[PDB]
Amino acid sequence: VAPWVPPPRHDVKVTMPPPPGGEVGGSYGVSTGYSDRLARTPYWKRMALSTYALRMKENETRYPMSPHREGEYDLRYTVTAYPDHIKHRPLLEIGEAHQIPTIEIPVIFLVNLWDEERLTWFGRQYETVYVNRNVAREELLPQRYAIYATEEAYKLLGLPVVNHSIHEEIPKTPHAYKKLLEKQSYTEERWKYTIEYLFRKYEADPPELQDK
Amino acid sequence: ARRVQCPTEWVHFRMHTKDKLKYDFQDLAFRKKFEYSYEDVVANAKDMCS
Amino acid sequence: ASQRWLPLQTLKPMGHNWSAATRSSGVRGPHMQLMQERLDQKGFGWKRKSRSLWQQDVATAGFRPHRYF
Amino acid sequence: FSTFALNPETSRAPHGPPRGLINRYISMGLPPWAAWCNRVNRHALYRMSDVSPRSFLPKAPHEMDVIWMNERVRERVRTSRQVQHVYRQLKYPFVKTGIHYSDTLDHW
Amino acid sequence: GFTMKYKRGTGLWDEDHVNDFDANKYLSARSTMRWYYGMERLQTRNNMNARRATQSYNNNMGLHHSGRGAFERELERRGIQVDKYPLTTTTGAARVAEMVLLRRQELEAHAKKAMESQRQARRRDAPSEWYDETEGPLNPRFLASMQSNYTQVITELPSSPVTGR
Amino acid sequence: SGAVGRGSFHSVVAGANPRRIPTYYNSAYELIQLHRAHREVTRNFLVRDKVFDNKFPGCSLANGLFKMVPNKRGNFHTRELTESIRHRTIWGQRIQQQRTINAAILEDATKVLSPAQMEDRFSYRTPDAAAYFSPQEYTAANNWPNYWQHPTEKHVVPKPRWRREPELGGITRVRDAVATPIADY
Amino acid sequence: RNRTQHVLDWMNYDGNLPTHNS
Amino acid sequence: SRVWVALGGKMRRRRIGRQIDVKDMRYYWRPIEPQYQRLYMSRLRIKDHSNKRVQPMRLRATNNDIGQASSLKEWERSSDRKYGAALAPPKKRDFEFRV
Amino acid sequence: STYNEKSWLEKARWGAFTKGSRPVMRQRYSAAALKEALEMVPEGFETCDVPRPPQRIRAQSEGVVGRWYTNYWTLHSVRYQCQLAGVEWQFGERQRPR
Amino acid sequence: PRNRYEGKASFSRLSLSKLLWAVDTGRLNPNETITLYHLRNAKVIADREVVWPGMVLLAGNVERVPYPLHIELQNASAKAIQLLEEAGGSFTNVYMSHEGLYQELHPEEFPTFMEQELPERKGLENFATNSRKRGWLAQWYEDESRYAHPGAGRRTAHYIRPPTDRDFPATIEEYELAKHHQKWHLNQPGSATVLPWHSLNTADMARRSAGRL
Amino acid sequence: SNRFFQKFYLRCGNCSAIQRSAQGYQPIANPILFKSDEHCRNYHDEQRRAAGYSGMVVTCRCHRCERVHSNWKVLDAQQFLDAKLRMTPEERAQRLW
RNA sequence: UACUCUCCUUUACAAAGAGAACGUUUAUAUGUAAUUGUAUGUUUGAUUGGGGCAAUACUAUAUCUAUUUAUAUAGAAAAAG
Ligand SMILES: NC(=O)c1ccc[n+]([C@@H]2O[C@H](COP(=O)([O-])OP(=O)(O)OC[C@H]3O[C@@H](n4cnc5c(N)ncnc54)[C@H](O)[C@@H]3O)[C@@H](O)[C@H]2O)c1
Ligand SMILES: [Zn+2]
């Protein structure tokens, strides 16, 4: 028995139905929203509470996209109201082998950390290092030496917001990774690709003309 | 709570017929939508002189 | 009339691509399976390449011993 | 599908609507495994165009325990070895023991 | 499925393009009243059914029961006609067919009087030479209906074929 | 599109059409399919304006509305009706165009030799047309379906010496003495 | 490529439903 | 009189050493003997039996009957699939067409 | 799903879904009812940007409403009645890129 | 042996005797260029005989055509052409795409000219641009199409605009491929242009290999 | 291997210069000698571009800051009009083209 | 119901991938643990072919011969081979 059947999720607008569930956070599977508050109020009522300048703001057609689920197509215009299967695909397709290789993520070190075995620096303080995915999770993060290098982590610390595109795309094959290492070697560690670093060999005399 | 309170095999009258349209089906709340009466379908379609 | 001149026929040094005694020879439609499509160089090889497929349909060229075929 | 060595990218099909059989099923959105259907009924090219995936969750949505982000137990139709029998099987995702350090509650 | 729905009302009468296999050879007195009342019912039973659906579905979409959104309400407030072709409304048809009947009726009385101009210009107080029956006997019923257009009696036919007088 | 003599845009190739004004054509078949087409556009407007006259009081409650849902009538007017006007207009031109030529032919022709022979030069009076139009004039064939009544064959049917019978009720009754039919072998 | 033959004649036909005079 | 002409029997398997003037009897469009004409063309007659004046279905689809399906008073409103759309060239779409 | 919004018969009939040989804007506006629609096409807009939604998206123009010019089907349908009406389409045409 | 693929040129035969029989009977007007609309709407040919390749004029036993007759049909037979052309007529073979086949038969549904796409490439090869049929593009093809871009060299004579600032191969792999090809094929004149060594055997890339001219 | 055409509107992260980069027609790997890995990962990858570069790093060179990076946020073309229509006519000369 | 020879749904063995925290996915394998189907036909236990001699009969009758040829479909040869 349902005493006080809840009101529809996003019924907050005066002369158009609430957006369908799922889009607001609810159960998918139905396209067209409907709220008995809106359909009962006679037309003049719905035209009383609203001026023309307003209906043109809630008539507003955000046609393919969804105004609420930012970035995903409106789920009353898809073939069926469920979420877009294609965007949220599981990382392994129905037949491929799981050859997702070892991936190294960027972490912002928070204390000057200095290895005592290689006698050099895991990382300075407040500089993002690409560390292993199971050093970070199991050794660097539990102790407070590091955090992830996400956009908002930069915001919280005081550093210019840098987009490492942290796991923006996972590679499902080693040579599909060793290309992603080539992309990330360019954007992140860009000083490797300057006309000054491609010529440390030659900032002075070609070595065959110097003294001995 | 939004669900309809009966195993939907009892309210299957709503889901297969053309009541698929005349009914709210958000998360299985098989509740009728608004529906004009016949005193109004002609009150709204004669006042337009349609 | 116009005195324009044209030869009687067009001789193209092109060679026919359908020999009556060659098996998969012919001019196939624009959406037929091109010569040895999916075969990968082996007799009925498109069957052998089925286990290699990632995921097939639910009704996919299964077992069918030519019985009254 | 074209036969030249170096096919530079272009706006449209350079040599007419792409020829071949597998280009026939890609020209309609289907995946290239439609080339291996024996019957392609109006339901079949619906079934395999992935309009709505034939793929479900092991337990109820309400009783679900292990965090399955966006996954189902998709069934993979395999065709057997030398004599091509078609059988299908339900392939799960790989659940790892997520032993994290959520620094909110300062403990693993 | 697809059942020629674009033909339901597009017939010339009410009993057309409605597949009703349930017929009979002789539909009796009240089976005919039941029939005619039936065709129109499932012609108005269908319509107001299909009107309540469109008017209710439109009302649930927040817009006027005939689909008129905020725009086509705002234009009519301005006087700018919002529909390209204003098909003639019920006031039209019920008037565009109101005079035509007012015209025929004033033409009948215009013509009822007209034929009397020619009927009384028919001096024949005796039947013409169609009153022959050398081909085959006249019809006694008809003569009784043609007696009015004469003075001399017509129905009285002898046992013999008519001579002509 | 073609549908009239203007030539479809497929005279992209500048195909001219010389030796014109060459034919007088009475537009016989086209005026036929015009009267057929003009009947449709009127037989369509009749439908687009069907409005409930419920001669019964059971379902009288709609006697003011049209017989078609407003969205459908707003379609059928545009799908089938306004199409049928174009299809009516097309014949209303393929004929109004062909007449323009005939108007020019029937002047430049009337002069040369006769204003009497003219509408004979442009006639189609087949010698038998009396068969189809004024069959009372036609004799040269026997084209009745009830041929045994053609005046040249009326002498087949027998002229019975009939009579009335007041004792039977004015029933006509033939005075032929029936011939004793064949009976046995 | 313009349309030389019958260049007019598109605007001169189908006096729609001839009025009271004709 | 409809022959179902077929090709030679032995035209791909074993050629070396066969007779010189019989390696070519395999090249002519020979009729199949009528004892098989009637067998195969029997599955085509069944289309409307007991109707002594309908002809059998033909092997290939003649050009006029394909349209005969869409020349029916019920198909006159299907703009697509009419006048030949299957056997038409592949449809052309907006340059932005995409799935 | 115990309730499917639409049977597979109408998940698999794209003709009721796609924009192909099917008008997707029901209302046909008059002359002045268009010059008053284009009044809200904002300066800086250009048809060369609003793209065709993919096949998997339904073809539905909910009509002339707020920001209708972004509804690719409302735009190119209004753009077509401005032809039959004779209104001068100021904005640019679909630029097929090469 | 007689398959019809997607795009086959199989045309229903409109015997010239039929068309000549109508024009005197009075179903067809001899003045108006008798495009297939007239043939369809005058009940000369029905719906069940006009499929996508529109039709084909066949001079069947017609030894003579008496009056100047103009036609816009699809692929007349060479005799049928030389019969109309003798009597002062024309025949501009329209070879419309299917999208054009509709808008010619039911133009009462297209209030304005909705642009028509050129036919398939296979049609342009054989009818639309081939002056032997007086195809409607036999004027355009020679006038505007058959000329390359004013910048194209020898290799890029087929690109809408020459994709490089120089005819020659652009990079190494376009070169070594063409440096090997021009010797894989014995050194022919035009063999510089690399071509794919595999014949798809498609019917679309099939043009009349032998025939009249 | 994209059979169908589609143009994205990539927004840089360094200058937020909304530049558009299209995706032409690149033909399917040959089916005549089929290869199951190169095909079924050509297709599955094609849905991932067709859904607005879902699981891929975008690598195109900017037009404003002439350099190639991987920082682009792929704008759905009604998030683009959300942006384009909401920029003063001068910055449209700065961030757009 | 059964096993060296046929074949899947198969849960075991091995490889790989995850700083391998254990569950999955593959590849290669195919087990009578595997429940599929075949295991003949004709004369009685051998024979299966195309000829010929035996009254221009031939049950297999009786004898023998021998490039007397193995049609199609996928592969193999791309001109006529
Ligand atoms: N195969 C086809 O697509 C086909 C077949 C028959 C007719 N048509 C014609 O297509 C036209 C529409 O153009 P489209 O084919 O690009 O698709 P479309 O119908 O989507 O065209 C855009 C819009 O134009 C409007 N429109 C169409 N005809 C109109 C008219 N006479 N007056 C006012 N508004 C009108 C409608 O709102 C339509 O949705 C229609 O007029 C129709 O008769 C096309
Ligand atoms: Zn940038």
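Residues numbered from 1 in each chain as written, not as in the entry; some residues may be left out. Chains lettered and ligands numbered in written order. Part of a larger assembly, values for the part shown. Heavy atoms only, no water.

## Remarks on the coordination of the zinc ion (ligand 2)
For a metal bound by four donors in a tetrahedral arrangement, the ideal donor-metal-donor angle is 109.5 degrees, while six donors in an octahedral arrangement ideally sit at 90 or 180 degrees. Residue and element names in this part refer to chain K. Selection criterion: Distances define the donors: N, O and S atoms within 2.8 Å of the metal qualify, as do those within 3.2 Å of Na, K or Ca. Water is excluded, so some sites may look unfinished. In this scheme the shape depends on donor count and angles: four donors with every angle between 85 and 135 degrees give tetrahedral, four or six donors with opposite pairs above 155 degrees and others between 65 and 115 give square planar or octahedral in turn, and any other case is irregular. A run of H or I in DSSP becomes a helix once it reaches four residues, and a run of E becomes a strand once it reaches two; helices and strands are each numbered from the N terminus. The classification of residues rests on relative accessible area computed with a 1.4 Å probe and restricted to protein chains. Under 20% of the type maximum is buried, over 50% is exposed, and intermediate values are partly exposed.
Only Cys12 (SG), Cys15 (SG), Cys62 (SG) and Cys65 (SG) from the protein reach the zinc ion (ligand 2) as donors, at distances of 2.4 to 2.6 Å. Viewed at the metal, the four donor atoms of the zinc ion (ligand 2) are separated by angles of 89 to 149°, and the geometry they form is irregular. Spacing between the donor residues of the zinc ion (ligand 2) along the chain follows C-x2-C-x46-C-x2-C. Placement of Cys12 in the loop between β1 (6-11) and β2 (18-23) and of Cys62 in the loop between α1 (36-50) and β3 (73-75) is noted, with a sequence separation of 50 residues between them. For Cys12, a relative accessible area of 3% corresponds to the buried category. For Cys62, a relative accessible area of 1% puts it in the buried group.

## Some words on the sheet that holds β2(K)
All names here are of chain K. Selection rule: Pairing between two strands requires that DSSP report at least two bridges joining them. In this analysis, axes come from line fits to C-alpha atoms, helices being fitted only over the stretch in contact, and the angle between any two N-to-C directions falls in the range 0 to 180 degrees. Contacts are assigned to residue pairs that have any heavy atoms within 4.5 Å of one another.
In spatial order, the strands read β2-β1-β3; together these three strands make up an open sheet with antiparallel pairing. The open sheet terminates on both sides in strands that have one partner only, identified here as β2 and β3. Along the sheet, successive strands turn relative to each other by an average axial angle of 40°, direction set aside. With six bridges connecting them, β1 and β2 associate as antiparallel partners. Across the sheet, the residue bridging to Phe8 is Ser21, located in β2. Its contacts with the sheet place helix α2 (residues 77-84) against β1, β2 and β3, and it is angled at close to 90° to β3.

## Quick word on the environment of I:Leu75
All names here are of chain I. Locating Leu75 in the fold gives a position in helix α2 (residues 72-85). Look at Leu75 and you get buried, because its relative accessible area is 0%. Not counting chain neighbours up to four residues away, the residues in contact with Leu75 comprise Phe45, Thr47, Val50, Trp68, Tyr69 and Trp89.

## Looking at the packing of helix α1 (residues 28-48) of chain F against helix α2 (residues 70-94) of chain F
Residues and elements named next belong to chain F. We count it as follows: Angular relationships are summarised with four words: roughly parallel below 35 degrees, roughly antiparallel beyond 145, roughly perpendicular across 65 to 115, and oblique for the angles in between. Definitions for this section: a left-handed crossing has its near helix turned counterclockwise from the far helix by less than a right angle. A right-handed crossing has that turn clockwise. In this count, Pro and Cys sit with the nonpolar residues alongside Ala, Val, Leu, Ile, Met, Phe, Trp and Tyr, while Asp, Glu, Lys and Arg are called charged and the others, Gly among them, polar.
In contact at an axis separation of 9 Å, α1 and α2 are set at 160° when each is read in the N-to-C sense. Taken together, α1 and α2 sit at an angle that is classed as roughly antiparallel. Of the two possible hands of crossing, α1 and α2 adopt the one that is left-handed. Contacts between α1 and α2 involve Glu30, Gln33, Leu34, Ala37, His38, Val41, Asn44, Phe45, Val47 and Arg48 from the first element and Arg73, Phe76, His77, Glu80, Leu81, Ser84, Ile85, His87, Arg88, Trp91, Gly92 and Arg94 from the second. Here the contact of α1 with α2 is built from residues that sort into nine nonpolar, seven polar and six charged.

## Examining the interface of chain E and chain F
The condition is simple: When two components associate, each loses some accessible surface as probed by a 1.4 Å sphere; the sum of these losses over both components is called the buried area. Salt bridge, as used here: a side-chain nitrogen of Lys or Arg that lies within 4 Å of a carboxyl oxygen of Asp or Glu. The definition of a polar contact used here is a pair of N or O atoms within 3.5 Å, where within protein one atom must be able to donate a hydrogen and the other to accept one, and adjacent residues in sequence count solely through side-chain atom pairs.
In this complex, chain E contributes 36 residues to the contact, which on the side of chain F involves 35 residues. Roughly 3,100 Å² is buried in total at the junction of chain E and chain F, and carbon and sulfur atoms are behind 59% of that figure. A per-residue breakdown of the area chain E buries against chain F is headed by E:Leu12, E:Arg51 and E:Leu87, which together make up 20% of the total. Counting the contacts that link chain E with chain F gives three salt bridges. We note a salt bridge from F:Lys55 to E:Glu40, for which the minimum N-O separation is 3.5 Å. Joining chain E to chain F, the criterion identifies ten residue pairs in polar contact. Here the side of chain E that touches chain F gets twelve residues from one element, more than from any other, and that element is helix α1 (residues 29-60) of chain E.

## Things to note about helix α5 (residues 121-128) of chain J
Owing to its 3.6 residues per turn, the α-helix aligns residues three or four sequence positions apart on the same side. All names here are of chain J. Among the eight residues in α5, seven count as buried, and that is most of the element. Turning to α5, its buried residues are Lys122, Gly123, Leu124, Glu125, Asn126, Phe127 and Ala128. For α5, the elements touching its buried residues are α6 (138-145).

## Observations regarding the side chain of I:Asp49
Checked against the element boundaries, I:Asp49 lands in the loop between α1 (32-35) and α2. Once you skip the residues sitting within four places of it in the chain, I:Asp49 turns out to touch K:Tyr9, K:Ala77, K:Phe80, K:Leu81, K:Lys84 and K:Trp97.

## Overview of the site of ligand 1
Rules: Here a residue counts as near a molecule or strand whenever at least one of its heavy atoms sits within 4 Å of it. In these tables, accessible area is a Shrake-Rupley quantity obtained with a 1.4 Å probe, and a residue counts as shielded only by the protein chains included in the view.
Around ligand 1 there are 15 residues in total, and E:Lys84, I:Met25, I:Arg28, I:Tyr80 and J:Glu109 lie nearest to it. Nearby residues around ligand 1 are contributed by chains E, I and J. Within the backbone of I:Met25, a nitrogen or oxygen atom sits 2.7 Å from an oxygen atom of ligand 1. Contacts to ligand 1 include I:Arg28, whose side-chain N or O atom sits 3.2 Å from a nitrogen atom. The protein chains hide 77% of the 730 Å² of surface that ligand 1 would expose on its own. When residues of the shell around ligand 1 are assigned to their parent elements, the largest contribution, four residues, is made by α2(I). In terms of residue class, the shell around ligand 1 is made up of eight nonpolar, three polar and four charged.

## Things to note about the packing of aromatic side chains
For clarity, the threshold we go by: Ring pairs are drawn from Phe, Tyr and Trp, using the six-membered ring of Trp, whenever the two centres fall within 6.5 Å, and their geometry is named by plane angle: stacked under 30 degrees, edge-to-face over 60, tilted for the rest. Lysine NZ or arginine CZ positioned within 6 Å of the ring centre and within 35 degrees of the ring normal marks a charge as sitting over the ring.
Across all of its chains, the model carries 39 aromatic pairs over all chains by this definition. Note on E:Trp130 and E:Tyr131: the rings are 5.9 Å apart at their centroids and 85° apart in plane angle, and the pair reads as edge-to-face. The partly exposed category is assigned to E:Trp130, whose relative accessible area is 34%. Measuring from centroid to centroid gives 4.7 Å for I:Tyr72 and I:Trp73, while their planes differ by 55°, and the two rings are tilted. I:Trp73 matches I:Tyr72 in its accessibility class, with the two residues each being buried. Taken together, the ring pairs connect I:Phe45, I:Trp68, I:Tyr69, I:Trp89 and I:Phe91 into an aromatic cluster. Above the plane of the ring of C:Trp46 lies C:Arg38, whose end atom (NZ or CZ) is 4.9 Å from the centre. K:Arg20 extends its terminal NZ or CZ atom over the ring of K:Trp97, reaching a point 4.5 Å from the ring centre.

## Comments concerning the interface of chain F and chain B
In this assembly, four residues from chain F lie in contact with five residues from chain B. Here chain F and chain B share an interface that buries about 450 Å² over both sides, 70% of which is from carbon and sulfur atoms. The interface formed by chain F and chain B holds zero salt bridges in total. The interface formed by chain F and chain B includes one residue pair in polar contact. Looking at the side of chain F that touches chain B, its residues break down into three nonpolar, one polar and no charged.

## Points about the arrangement of the chains
Comparison of the 30 pairs of chains in contact shows the highest number of contacts for chains E and F. Note that chain A does not reach chain F: the shortest distance linking a C-alpha of one to a C-alpha of the other is 19 Å. Over all C-alpha pairs, chain B and chain H never come within contact, reaching a minimum spacing of 25 Å.

## Topic: the pattern of salt bridges
Inspection of the entire model under this criterion finds 50 salt bridges over all chains. Two residues, A:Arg37 and A:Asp11, come together in a salt bridge whose shortest N-O distance is 3.3 Å. Remark: A:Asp11 occurs in the segment before α1 (36-40) and A:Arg37 occurs in helix α1; sequence separation between them is 26 residues. You can call A:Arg37 partly exposed: its relative accessible area is 40%. Looking at A:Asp11, the relative accessible area reads 12%, which means it is buried. Close ionic contact of J:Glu85 with J:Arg134 constitutes a salt bridge, the shortest N to O distance being 2.3 Å. Of this pair, J:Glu85 sits in the loop between α3 (78-84) and α4 (98-105) while J:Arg134 sits in the loop between α5 and α6, and the two are 49 residues apart along the sequence. Under the relative-accessibility criterion, J:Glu85 is labelled partly exposed at 31%. Put simply, K:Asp45, K:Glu46, K:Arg48 and K:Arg49 are held in one network by salt bridges that share partners.

## Let's talk about the protein's contact with RNA strand L
Not every one of the 55 residues close to RNA strand L is listed here, only the nearest: A:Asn134, C:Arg23, C:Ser24, D:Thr97 and H:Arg12. D:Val95 is positioned with one of its backbone polar atoms (N or O) 3.1 Å from a base nitrogen of RNA strand L. Of all elements in the fold, only α4 (133-140) of chain A together with β2 (73-79) and β3 (86-91) of chain D reach the threshold of two or more residues within the surface near RNA strand L. Per-element accounting of the surface near RNA strand L gives the leading share, four residues, to β3(D). Residue composition of the surface near RNA strand L, by class: 20 nonpolar, 20 polar and 15 charged.

## Quick notes on the side chain of A:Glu58
Convention followed: Charged residues are defined here as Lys and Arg on the positive side and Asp and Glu on the negative side; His and the ends of the chain fall outside this count.
Note that A:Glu58 resides in helix α3 (residues 52-58). One buried charge, A:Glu58, has no salt-bridge partner; the nearest side chain with opposite charge is A:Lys13, at 5.5 Å.

## Comments concerning a positive patch on the surface
For clarity, the cut-off: Patch membership requires over 30% relative accessible area and the absence of a salt bridge. Like charges are linked within 9 Å, and nonpolar side chains (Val, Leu, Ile, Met, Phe, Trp, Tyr) within 5 Å. A charge is said to be at NZ when it belongs to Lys, at CZ for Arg, at CG for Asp and at CD for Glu.
Where like charges cluster on the molecular surface, the positive patch consists of B:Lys18, D:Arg42, E:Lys5, H:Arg81 and I:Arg13. When you line up the elements, H:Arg81 lands in the segment after α3 (63-70). Of the residues examined, H:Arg81 reaches a relative accessible area of 53% and is grouped as exposed.

## What to know about the sheet that holds strand β3 (residues 146-148) of chain A
Backbone hydrogen bonds are what pair the strands of a sheet, in a parallel or an antiparallel way. Residue and element names in this part refer to chain A. Overall, antiparallel pairing links the three strands, which are arranged β2-β1-β3 in an open sheet. The open sheet has two edge strands with one neighbour each: β2 (128-132) and β3. Mean inter-strand twist for the sheet, computed between neighbouring axes without regard to direction, equals 50°. In this structure, strand β1 (residues 104-109) lies alongside β2, joined through five bridges in antiparallel fashion. Residue pairing across strands places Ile105 opposite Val131, the latter belonging to β2.

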